[PDB]
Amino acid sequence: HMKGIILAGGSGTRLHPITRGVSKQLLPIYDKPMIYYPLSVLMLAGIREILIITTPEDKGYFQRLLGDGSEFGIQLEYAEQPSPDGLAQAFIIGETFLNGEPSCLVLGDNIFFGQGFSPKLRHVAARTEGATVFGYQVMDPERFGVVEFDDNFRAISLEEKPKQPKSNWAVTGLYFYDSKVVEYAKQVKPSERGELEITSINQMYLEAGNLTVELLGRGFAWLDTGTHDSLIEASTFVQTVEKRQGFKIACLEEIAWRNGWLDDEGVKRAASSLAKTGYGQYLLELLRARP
């Protein structure tokens, strides 16, 4: 049993005219609120206790949209991050929550998708001790955090915003840790930008020499929706595969269902209140079979 956290705060300045009003994580990726995506990841990893960190201003909107999470058969807790001081701060803010157990942090503006992702997730979630990060092959390795490594990964360097070289495997917003995490967090100096950067915490695990690295292969898709254009690419992608290939991405009630987290009765209440929606029919359709 492990716990999960989702950073759903931030000022989201790069989407600015828009995020001046509503939190970036409430914006839509096709037919589902953005936060539905990072959440589904944690659920595919089999994590039911999840703390969502948001700004004081957006909180009620998230609660208004997710409630206590009982609708998805999960236990949701909320916590406010007063000012956007950096990612590492999640562990400080989430100390009392994590207690002393191991965790999983997922950035709120990240979309992940590939065949047989759930397993890969579980396996890595079977690691008591250490720290795993998920790299992805980028074409623009400068404007992304890079991680080097060799057989067994281990990682030999985590040069972020490399001034010139490194490797081309960017590290995504999917992190796994262990107890020592609240520790490393408590000691972290504000970056030039001026925020407790999660990279600093990952640095420590590298030297401590227990920073394994999970490889996200070819069939895997990864996006960091935080700019006007990437927000569109994300939407268009999900819409394309959902309509073209017949399955839904980040459909929470469906993930819960199969995970035995909620009974057919539960899925039916959901599909009903969404019946007028393509998301709802997709749910009604799962309530049967073909020849």
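Note that residue numbering follows the sequence shown and begins at 1.
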Check your understanding: Mean CA B-factor: is it higher for 104-112 or for 158-166?
Key -> 158-166
Practice item. Would you tell me which stretch averages the higher CA B-factor in the PDB entry, 136-144 or 76-84? Key: 136-144
Revision key, fill the gap. Among the modelled residues of its chain, the C-alpha B-factor of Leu284 falls in the third labelled middle
Revision key, fill the gap. Entry-reported C-alpha B-factor of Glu254 relative to its chain, by third, is middle
Revision key, fill the gap. Of the three thirds of the chain ranked by Cα temperature factor, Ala221 occupies the lowest
Exercise for review: Compare the C-alpha B factor of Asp58 with those of the other modelled residues in its chain, then answer lowest, middle or highest third.
Suggested key: middle
Point to revise | Entry-reported Cα temperature factor of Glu265, expressed as the chain third it lands in | key: highest
